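Presented below, as structure tokens, is a lone chain in the form deposited in one PDB entry.
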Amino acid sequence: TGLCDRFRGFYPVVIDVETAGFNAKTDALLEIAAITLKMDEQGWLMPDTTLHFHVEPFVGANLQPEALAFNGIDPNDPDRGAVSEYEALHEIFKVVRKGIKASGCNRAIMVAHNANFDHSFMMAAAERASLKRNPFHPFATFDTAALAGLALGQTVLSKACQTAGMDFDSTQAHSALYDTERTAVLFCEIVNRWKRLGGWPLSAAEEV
């Protein structure tokens, strides 16, 4: 009934990013949000700690005009309260390590929509920031697109949330923080629904 029991010791952390393009290596990271999860005594999954950052483009980063036009982010706006990739990831990693120890997990696994995209950006930024002891698994992810495909027959984030009976505000779709929260609620609903229907734990199906 514990978080550490659910995903063979993986500590699920919901992540979303906004970027200045499609290339994790060369394009700027502009926003990152992180939501750790927790289980109550009965084994139900829910959001724990929420973090969010506007991120300053790393020195030398490319900025694709089309990307900025898509997400509407203006990196030059001095009122956007941006912090360095180091500061943002250091805080996230700190909170994540604490949660891993507190819960008895071995490692964090990124939960994200079309996870590889977000994974690649977060890892690249960690690299650039020279962050030590990255708590995240270097290639494993929990893709909510795939999960929503199974659970809800939909792979588009907004449609998946709607089908799950969730609200989804289109005007907030370009906010890493907003997407991370919706994605976290979506993921939790999927996991919890599975349990509720007697899919977990494995013994339940025989009423045990």
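Just count from 1 along the sequence shown to find any residue number. Shifts are known only where both forms have a C-alpha. The term rigid core refers to the most C-alpha atoms you can superpose between the two forms while keeping them within 1.5 Å.
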Out of 104-112 and 129-137, which one has CA B-factors that are higher on average in the deposited record?
129-137
Hey, which bit's got the bigger mean C-alpha B factor in the entry, 50-58 or 35-43?
35-43
Would you mind finding, among 144, 180, 154, 26, the residue with the largest C-alpha temperature factor in the entry?
26
Residue 82 - Cα temperature factor, lowest/middle/highest third of chain:
highest
Classify residue 11 as lowest, middle or highest third according to the C-alpha B-factor given in the PDB entry, relative to its own chain.
lowest
According to the PDB entry, is the CA B factor of residue 198 in the bottom, middle or top third of its chain, that is, lowest, middle or highest?
highest
Just say lowest, middle or highest third for the CA B-factor of residue 120 relative to the other modelled residues in its chain.
middle
Once the chain's modelled residues are ordered by C-alpha B factor and cut into thirds, is residue 164 in the lowest, middle or highest one?
lowest
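What comes next is about the form deposited in another entry, which does not appear here.
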Once you align the rigid core, which of 69, 146, 156, 140 turns out to move its Cα at least 2 Å between the shown form and the other one?
69
Once the rigid core is lined up, which stretches of 3 or more residues in a row have C-alphas that move 2 Å or more between the shown form and the other one?
63-74
